[PDB]
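S.K.: My structure is stored as protein_9.cif, with mmCIF, C-alpha atoms and all ligand atoms.
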```cif
data_upload
#
loop_
_atom_site.label_atom_id
_atom_site.label_comp_id
_atom_site.auth_asym_id
_atom_site.auth_seq_id
_atom_site.Cartn_x
_atom_site.Cartn_y
_atom_site.Cartn_z
CA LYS A 384 -62.91 11.47 -23.61
CA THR A 385 -59.87 9.37 -22.70
CA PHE A 386 -57.36 9.88 -19.90
CA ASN A 387 -53.65 9.16 -19.66
CA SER A 388 -52.77 5.94 -17.87
CA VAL A 389 -50.25 5.74 -15.03
CA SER A 390 -46.74 5.87 -16.46
CA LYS A 391 -44.98 2.52 -16.14
CA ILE A 392 -41.67 4.40 -16.15
CA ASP A 393 -42.71 6.21 -12.97
CA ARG A 394 -44.18 3.00 -11.52
CA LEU A 395 -40.91 1.09 -11.86
CA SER A 396 -38.82 4.14 -10.94
CA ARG A 397 -40.63 4.33 -7.59
CA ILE A 398 -39.09 0.95 -6.71
CA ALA A 399 -35.82 1.43 -8.64
CA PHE A 400 -34.48 4.81 -7.52
CA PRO A 401 -34.78 4.23 -3.73
CA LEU A 402 -33.39 0.72 -4.22
CA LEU A 403 -30.35 1.92 -6.18
CA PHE A 404 -29.79 4.74 -3.69
CA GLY A 405 -29.93 2.31 -0.76
CA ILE A 406 -27.59 -0.14 -2.46
CA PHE A 407 -25.14 2.67 -3.25
CA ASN A 408 -25.28 3.91 0.35
CA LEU A 409 -24.67 0.40 1.68
CA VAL A 410 -21.70 -0.20 -0.63
CA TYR A 411 -20.22 3.25 0.04
CA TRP A 412 -20.46 3.09 3.83
CA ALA A 413 -19.35 -0.55 4.02
CA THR A 414 -16.29 -0.03 1.81
CA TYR A 415 -15.21 3.29 3.38
CA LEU A 416 -15.94 3.01 7.13
CA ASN A 417 -13.93 -0.15 7.89
CA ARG A 418 -10.73 1.17 6.31
CA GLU A 419 -8.43 2.48 9.04
CA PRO A 420 -5.66 0.31 10.55
CA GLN A 421 -6.18 -1.45 13.88
CA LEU A 422 -3.77 -2.79 16.49
CA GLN B 1 -2.29 0.02 -11.05
CA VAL B 2 0.07 0.98 -8.24
CA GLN B 3 3.25 -1.09 -8.48
CA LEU B 4 6.63 -1.07 -6.71
CA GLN B 5 9.49 -2.55 -8.73
CA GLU B 6 12.41 -3.93 -6.71
CA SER B 7 15.83 -4.56 -8.24
CA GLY B 8 19.09 -6.01 -6.99
CA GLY B 9 21.29 -9.06 -6.96
CA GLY B 10 20.24 -12.41 -5.53
CA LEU B 11 23.43 -14.21 -4.47
CA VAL B 12 26.59 -12.95 -2.78
CA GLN B 13 29.62 -14.56 -1.16
CA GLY B 422 30.35 -8.45 0.70
CA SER B 423 28.16 -5.45 -0.12
CA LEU B 424 24.96 -5.03 -2.12
CA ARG B 425 22.54 -2.30 -3.21
CA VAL B 426 18.81 -2.87 -3.73
CA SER B 427 16.60 -0.24 -5.37
CA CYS B 428 12.82 0.17 -5.22
CA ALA B 429 11.12 2.41 -7.79
CA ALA B 430 7.48 3.47 -7.49
CA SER B 431 5.04 3.93 -10.36
CA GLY B 432 1.44 5.04 -10.73
CA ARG B 433 1.52 7.14 -7.55
CA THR B 434 3.88 9.79 -6.19
CA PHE B 435 5.15 8.81 -2.73
CA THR B 436 7.05 12.04 -2.05
CA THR B 437 4.74 12.72 0.92
CA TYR B 438 4.69 9.07 2.07
CA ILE B 439 7.10 7.10 4.27
CA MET B 440 9.15 4.49 2.39
CA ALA B 441 10.47 1.50 4.34
CA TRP B 442 12.16 -1.88 3.98
CA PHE B 443 11.24 -5.19 5.61
CA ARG B 444 12.87 -8.61 5.85
CA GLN B 445 11.33 -12.09 5.81
CA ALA B 446 13.55 -15.06 6.62
CA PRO B 447 12.34 -18.67 6.21
CA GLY B 448 10.04 -19.36 9.16
CA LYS B 449 10.02 -15.87 10.71
CA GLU B 450 7.71 -12.86 10.76
CA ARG B 451 8.31 -9.58 8.94
CA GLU B 452 11.09 -7.50 10.52
CA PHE B 453 11.48 -3.76 9.99
CA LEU B 454 14.88 -2.75 8.57
CA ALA B 455 14.82 0.98 7.78
CA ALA B 456 12.54 3.84 6.80
CA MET B 457 12.84 7.28 5.22
CA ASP B 458 10.37 10.13 5.73
CA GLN B 459 9.41 13.14 3.59
CA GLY B 460 11.89 15.24 5.57
CA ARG B 461 14.90 13.09 4.61
CA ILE B 462 14.71 11.62 8.13
CA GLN B 463 16.10 8.11 8.55
CA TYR B 464 15.04 5.40 11.01
CA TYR B 465 16.84 2.07 11.39
CA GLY B 466 16.21 -1.18 13.22
CA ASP B 467 18.47 -2.19 16.08
CA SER B 468 19.51 -5.48 14.48
CA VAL B 469 20.77 -3.64 11.36
CA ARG B 470 21.73 -0.28 12.88
CA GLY B 471 25.03 1.10 11.61
CA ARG B 472 25.28 -1.45 8.77
CA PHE B 473 22.48 -0.66 6.30
CA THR B 474 21.90 2.79 4.80
CA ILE B 475 18.58 4.02 3.39
CA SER B 476 18.27 6.82 0.83
CA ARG B 477 15.40 8.34 -1.14
CA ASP B 478 15.50 9.91 -4.60
CA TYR B 479 12.37 12.05 -4.83
CA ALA B 480 12.99 13.06 -8.46
CA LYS B 481 12.71 9.50 -9.83
CA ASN B 482 10.47 8.42 -6.91
CA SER B 483 12.48 5.56 -5.43
CA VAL B 484 14.07 4.30 -2.22
CA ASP B 485 17.47 2.59 -2.19
CA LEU B 486 19.00 0.40 0.52
CA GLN B 487 22.77 -0.14 0.68
CA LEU B 488 23.74 -3.30 2.59
CA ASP B 489 27.26 -3.66 4.01
CA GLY B 490 28.94 -6.17 6.30
CA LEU B 491 26.60 -9.04 5.47
CA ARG B 492 26.63 -12.12 7.71
CA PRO B 493 25.17 -15.49 6.70
CA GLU B 494 21.93 -15.47 8.71
CA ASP B 495 20.85 -12.27 6.91
CA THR B 496 19.66 -14.42 3.99
CA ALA B 497 15.99 -13.59 3.43
CA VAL B 498 13.51 -12.04 1.00
CA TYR B 499 13.47 -8.25 1.26
CA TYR B 500 10.24 -6.30 0.74
CA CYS B 501 9.88 -2.62 -0.15
CA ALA B 502 6.84 -0.75 1.18
CA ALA B 503 5.46 2.78 1.04
CA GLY B 504 2.70 4.33 3.10
CA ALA B 505 1.68 6.73 5.83
CA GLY B 506 2.62 5.52 9.29
CA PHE B 507 -0.57 5.17 11.35
CA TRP B 508 -0.09 3.08 14.51
CA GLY B 509 3.24 2.27 12.86
CA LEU B 510 6.44 3.43 11.14
CA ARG B 511 7.74 0.06 12.47
CA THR B 512 4.76 -2.28 11.91
CA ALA B 513 3.98 -3.87 8.55
CA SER B 514 0.24 -3.31 9.07
CA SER B 515 0.66 0.47 8.68
CA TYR B 516 1.75 0.15 5.02
CA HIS B 517 -0.70 -0.44 2.15
CA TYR B 518 1.78 -0.73 -0.76
CA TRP B 519 4.27 -3.59 -0.95
CA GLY B 520 6.70 -4.99 -3.50
CA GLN B 521 6.86 -8.55 -4.76
CA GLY B 522 10.08 -9.11 -2.78
CA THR B 523 13.68 -9.79 -3.80
CA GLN B 524 15.58 -12.80 -2.50
CA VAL B 525 19.04 -12.30 -1.00
CA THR B 526 21.44 -15.10 -0.03
CA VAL B 527 24.92 -15.09 1.51
CA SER B 528 27.35 -17.96 0.90
CA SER B 529 30.15 -18.85 3.32
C1 LIG A 601 -36.22 4.56 -16.04
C2 LIG A 601 -36.35 4.08 -17.49
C3 LIG A 601 -37.33 2.91 -17.54
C4 LIG A 601 -37.74 2.61 -18.99
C5 LIG A 601 -38.99 1.73 -18.98
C6 LIG A 601 -39.49 1.53 -20.41
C7 LIG A 601 -40.85 0.83 -20.40
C8 LIG A 601 -41.54 0.96 -21.75
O1 LIG A 601 -42.12 0.03 -22.21
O2 LIG A 601 -41.53 2.17 -22.46
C9 LIG A 601 -42.21 3.23 -21.85
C10 LIG A 601 -42.19 4.45 -22.77
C11 LIG A 601 -43.57 5.09 -22.81
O3 LIG A 601 -43.90 5.57 -21.53
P1 LIG A 601 -45.46 5.59 -21.03
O4 LIG A 601 -45.74 4.33 -20.24
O5 LIG A 601 -45.68 6.79 -20.14
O6 LIG A 601 -46.49 5.67 -22.32
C12 LIG A 601 -47.75 5.06 -22.23
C13 LIG A 601 -47.72 3.75 -23.03
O7 LIG A 601 -46.49 3.11 -22.79
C14 LIG A 601 -47.87 3.98 -24.54
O8 LIG A 601 -46.76 4.70 -25.00
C15 LIG A 601 -49.14 4.76 -24.90
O9 LIG A 601 -50.05 3.89 -25.54
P2 LIG A 601 -50.20 4.00 -27.18
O10 LIG A 601 -48.85 3.84 -27.82
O11 LIG A 601 -50.77 5.36 -27.54
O12 LIG A 601 -51.13 2.92 -27.67
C16 LIG A 601 -49.83 5.38 -23.68
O13 LIG A 601 -50.76 6.33 -24.14
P3 LIG A 601 -52.09 6.71 -23.25
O14 LIG A 601 -52.28 5.73 -22.11
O15 LIG A 601 -51.93 8.10 -22.68
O16 LIG A 601 -53.31 6.68 -24.14
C17 LIG A 601 -48.82 6.04 -22.74
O17 LIG A 601 -49.49 6.57 -21.63
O18 LIG A 601 -41.81 4.06 -24.06
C18 LIG A 601 -40.58 4.56 -24.49
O19 LIG A 601 -40.54 5.39 -25.33
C19 LIG A 601 -39.28 4.03 -23.88
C20 LIG A 601 -38.32 5.17 -23.57
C21 LIG A 601 -37.20 4.62 -22.68
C22 LIG A 601 -36.15 5.70 -22.41
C23 LIG A 601 -35.65 5.58 -20.97
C24 LIG A 601 -34.67 6.70 -20.65
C25 LIG A 601 -34.29 6.64 -19.17
#
```
Can you dump the structure from the file as structure tokens?
Ligand SMILES: CCCCCCCC(=O)OC[C@H](COP(=O)(O)O[C@@H]1[C@H](O)[C@H](O)[C@@H](OP(=O)(O)O)[C@H](OP(=O)(O)O)[C@H]1O)OC(=O)CCCCCCC
M.R.:
Amino acid sequence: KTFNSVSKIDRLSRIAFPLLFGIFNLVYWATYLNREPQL
Amino acid sequence: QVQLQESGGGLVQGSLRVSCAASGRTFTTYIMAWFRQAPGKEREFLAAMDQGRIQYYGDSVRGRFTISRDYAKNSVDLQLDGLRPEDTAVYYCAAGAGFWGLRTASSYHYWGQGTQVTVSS
């Protein structure tokens, strides 16, 4: 009786998806917030 | 790519007309203005036209220059009359919404490459 091993796709996704989401949030906020004119 | 094509003569001894046609973005709702840059001076506001056909002019060039906007072909034209020799400079065309501005260059995001104008005595 064998058992399925832990999916490497899920293992690397655990570190990928939050990392991509954080990078996207950083780029989005940085490029959009400091956009208005100043005196 | 947003681009503003300026056209007009370079040398004059006089009256002149300089046109500025927009492309890649409709500026019917934006404010379209003209600026001047002489050698060794900062940008000076000449004139501006608003969505409501409303005209603003600088004091130094009030009563001489005339600004018009053609919304159909999406362009702003400036008619220069009564030139005097120290008006030689490169003229820039800009379009944008006036925030903190309508007279300051910093309020405009779109600018032309500039057209040189020289007056000979
Ligand atoms: C986020 C994507 C990351 C891709 C990382 C890709 C990393 C990669 O190397 O492939 C993983 C994936 C298999 O995924 P998974 O790791 O879950 O499969 C295990 C293992 O990889 C072998 O397939 C099996 O061994 P065997 O063969 O029976 O000897 C093993 O069987 P068992 O342990 O139960 O006995 C499985 O548990 O293979 C693809 O088809 C690629 C589809 C990619 C499509 C990607 C579409 C997004």
S.K.: Sorted by chain and rising residue number, which residues of chain A lie within 8 Å of ligand LIG 601 (chain A), and what are their closest atom pairs and distances in Å to one decimal, counting all atoms listed in the file, as a tab-separated table?
M.R.:
```
residue	atom	partner	partner_atom	distance
A:385	CA	A:LIG601	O16	7.2
A:386	CA	A:LIG601	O15	6.4
A:387	CA	A:LIG601	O15	3.6
A:388	CA	A:LIG601	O14	4.3
A:389	CA	A:LIG601	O17	6.7
A:390	CA	A:LIG601	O5	3.9
A:391	CA	A:LIG601	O4	4.5
A:392	CA	A:LIG601	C5	4.7
A:393	CA	A:LIG601	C1	7.4
A:395	CA	A:LIG601	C3	7.0
A:396	CA	A:LIG601	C1	5.7
```
S.K.: Kindly indicate which residue among B:455, B:525, B:440, B:505 lies nearest to chain A, using all atoms listed in the file for the distances.
M.R.: B:505
S.K.: Expressed in Å to a single decimal, how great is the separation between atom CA of residue 452 of chain B and atom CA of residue 499 of chain B?
M.R.: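 Pair atom CA of residue 452 of chain B / atom CA of residue 499 of chain B returns 9.6 Å.
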S.K.: For a test of reading the model, state the distance in Å between atom CA of residue 439 of chain B and atom CA of residue 456 of chain B, rounded to one decimal.
M.R.: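 Pair atom CA of residue 439 of chain B / atom CA of residue 456 of chain B returns 6.8 Å.
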S.K.: Using all atoms listed in the file, determine which residues lie at most 8 Å from residue 428 of chain B, disregarding the query and same-chain residues fewer than 5 positions distant; provide the list as a short mmCIF file (atom, residue, chain, number, x, y, z; two decimals) with C-alpha atoms, in the frame of the given file.
M.R.:
```cif
data_model
loop_
_atom_site.label_atom_id
_atom_site.label_comp_id
_atom_site.auth_asym_id
_atom_site.auth_seq_id
_atom_site.Cartn_x
_atom_site.Cartn_y
_atom_site.Cartn_z
CA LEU B 4 6.63 -1.07 -6.71
CA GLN B 5 9.49 -2.55 -8.73
CA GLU B 6 12.41 -3.93 -6.71
CA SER B 7 15.83 -4.56 -8.24
CA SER B 483 12.48 5.56 -5.43
CA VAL B 484 14.07 4.30 -2.22
CA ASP B 485 17.47 2.59 -2.19
CA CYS B 501 9.88 -2.62 -0.15
#
```
S.K.: Can you work out which one of B:527, B:1, B:446, B:468 has the shortest atom-to-atom distance to residue 432 of chain B, counting only C-alpha atoms?
M.R.: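 That would be B:1, the residue with the smallest distance to residue 432 of chain B.
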S.K.: Write out as a PyMOL selection string every residue belonging to chain A that has an atom at most 10 Å from any atom of chain B, counting all atoms listed in the file.
M.R.: chain A and resi 419-422
S.K.: Which distance in Å separates atom CA of residue 504 of chain B and atom CA of residue 518 of chain B, to one decimal?
M.R.: 6.4 Å
S.K.: Can you tell me, as a PyMOL selection string, what residues are no more than 12 Å from segment 463-465 of chain B when counting all atoms listed in the file, ignoring any on the same chain fewer than 2 positions away?
M.R.: chain B and resi 439-443+452-461+467-477+484+486+510-511
S.K.: Looking at only C-alpha atoms, which of B:462, B:12, B:480, B:2 is the one that sits closest to residue 520 of chain B?
M.R.: B:2
S.K.: Nearest to residue 526 of chain B among B:497, B:437, B:503, B:513, with distances taken over only C-alpha atoms: which residue is it?
M.R.: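 Among B:497, B:437, B:503, B:513, it is B:497 that comes nearest to residue 526 of chain B.
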S.K.: From the coordinates supplied, segment 391-422 of chain A should be written with C-alpha atoms, as a PDB file, in the first residue's frame.
M.R.:
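Wrote selection-v4.pdb, looks like this:
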```
ATOM      1  CA  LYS A 391       6.014  19.705  -5.753  1.00  0.00           C
ATOM      2  CA  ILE A 392       3.680  21.994  -7.715  1.00  0.00           C
ATOM      3  CA  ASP A 393       1.905  22.928  -4.484  1.00  0.00           C
ATOM      4  CA  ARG A 394       5.217  23.131  -2.608  1.00  0.00           C
ATOM      5  CA  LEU A 395       6.668  25.702  -5.004  1.00  0.00           C
ATOM      6  CA  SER A 396       3.311  27.465  -5.417  1.00  0.00           C
ATOM      7  CA  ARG A 397       3.234  28.125  -1.664  1.00  0.00           C
ATOM      8  CA  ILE A 398       6.317  30.326  -2.112  1.00  0.00           C
ATOM      9  CA  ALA A 399       5.472  31.583  -5.621  1.00  0.00           C
ATOM     10  CA  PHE A 400       1.886  32.854  -5.399  1.00  0.00           C
ATOM     11  CA  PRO A 401       2.336  35.051  -2.280  1.00  0.00           C
ATOM     12  CA  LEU A 402       5.641  36.298  -3.707  1.00  0.00           C
ATOM     13  CA  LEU A 403       4.114  37.266  -7.061  1.00  0.00           C
ATOM     14  CA  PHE A 404       1.135  38.863  -5.310  1.00  0.00           C
ATOM     15  CA  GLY A 405       3.423  40.901  -3.059  1.00  0.00           C
ATOM     16  CA  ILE A 406       5.600  41.989  -5.979  1.00  0.00           C
ATOM     17  CA  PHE A 407       2.511  43.003  -7.960  1.00  0.00           C
ATOM     18  CA  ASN A 408       1.148  44.961  -4.996  1.00  0.00           C
ATOM     19  CA  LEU A 409       4.474  46.747  -4.516  1.00  0.00           C
ATOM     20  CA  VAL A 410       4.744  47.683  -8.200  1.00  0.00           C
ATOM     21  CA  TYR A 411       1.096  48.765  -8.402  1.00  0.00           C
ATOM     22  CA  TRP A 412       1.128  50.953  -5.299  1.00  0.00           C
ATOM     23  CA  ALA A 413       4.562  52.430  -6.039  1.00  0.00           C
ATOM     24  CA  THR A 414       3.713  53.351  -9.636  1.00  0.00           C
ATOM     25  CA  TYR A 415       0.206  54.701  -8.897  1.00  0.00           C
ATOM     26  CA  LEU A 416       0.420  56.501  -5.521  1.00  0.00           C
ATOM     27  CA  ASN A 417       3.232  58.958  -6.348  1.00  0.00           C
ATOM     28  CA  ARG A 418       1.548  60.263  -9.497  1.00  0.00           C
ATOM     29  CA  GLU A 419      -0.197  63.562  -8.714  1.00  0.00           C
ATOM     30  CA  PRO A 420       1.501  66.927  -9.367  1.00  0.00           C
ATOM     31  CA  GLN A 421       3.163  68.838  -6.538  1.00  0.00           C
ATOM     32  CA  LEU A 422       4.038  72.502  -6.058  1.00  0.00           C
TER      33      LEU A 422
END
```
